[PDB]
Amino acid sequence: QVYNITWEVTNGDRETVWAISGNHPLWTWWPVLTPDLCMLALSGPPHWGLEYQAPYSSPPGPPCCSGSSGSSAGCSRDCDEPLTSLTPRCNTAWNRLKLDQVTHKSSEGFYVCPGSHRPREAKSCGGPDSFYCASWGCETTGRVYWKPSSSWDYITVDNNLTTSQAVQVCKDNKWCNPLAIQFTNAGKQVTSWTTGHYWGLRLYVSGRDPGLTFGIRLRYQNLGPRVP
């Protein structure tokens, strides 16, 4: 029986911030989810700079003079200036370029730790305040050089684009920090996806490691004769 399957990704307030739908039999469709890291941050931790923005809103910041469709009045030169001094966050096109730089540099990157579906790793991995990653060993994925993995956790997370592919997307003042979230074989075996599972993500930068939490949940609805 085919259903309209929607895979939703939520911010930490458990509100859908991104979704993908497709007509498939239940528990057969496991697409790479590509939410933007900054969408996870919508209405999230203050670091990212999107606290006041709602799910599904637009990237903040002025248009870059280097935008693909041309330069508009009020365009910022800054999308093209050195990223050296900037904080990796989501409030302008250049801060997001900086965020892309951090998520891609071999010495930095980001790592992800499981929420409530974790075992007795509660013991010190912490709550949402530590983005479930209070200590090393808590992370089960991410793009960082020690390549953390797990045989029980439900997802792998990486950057979806390389910086060369992301640079003009950020200069077009579009969301340009996409994650590529793949379902693992253990994840394809759980059926609790309708209640949804949560993770924390943290950048590996400056001895601070700014983070946020996000969720993944399943929704499905009938199609065809079963729709009344």
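The first residue of the shown sequence is 1; numbering continues from there.
Averaged over CA atoms, B-factors in the entry run higher in 122-130 than in the other of 122-130 and 97-105. Comparing 62-70 with 177-185, the stretch with the higher mean C-alpha B-factor in the PDB entry is 62-70. Ranking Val112, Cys90, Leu83, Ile155 by the C-alpha B-factor listed in the PDB entry places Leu83 at the top. Sort the modelled residues of the chain by CA B factor and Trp199 lands in the lowest third. In this PDB entry, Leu42 carries a Cα temperature factor that places it within the lowest third of its chain's modelled residues.
In the deposited entry, the Cα temperature factor of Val32 sits in the middle third of values across the chain's modelled residues. Per the deposited record, the Cα B-factor of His24 falls in the middle third when ranked against the other modelled residues of its chain. Per the PDB record, residue ranking by Cα B-factor puts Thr16 in the middle third of the chain.
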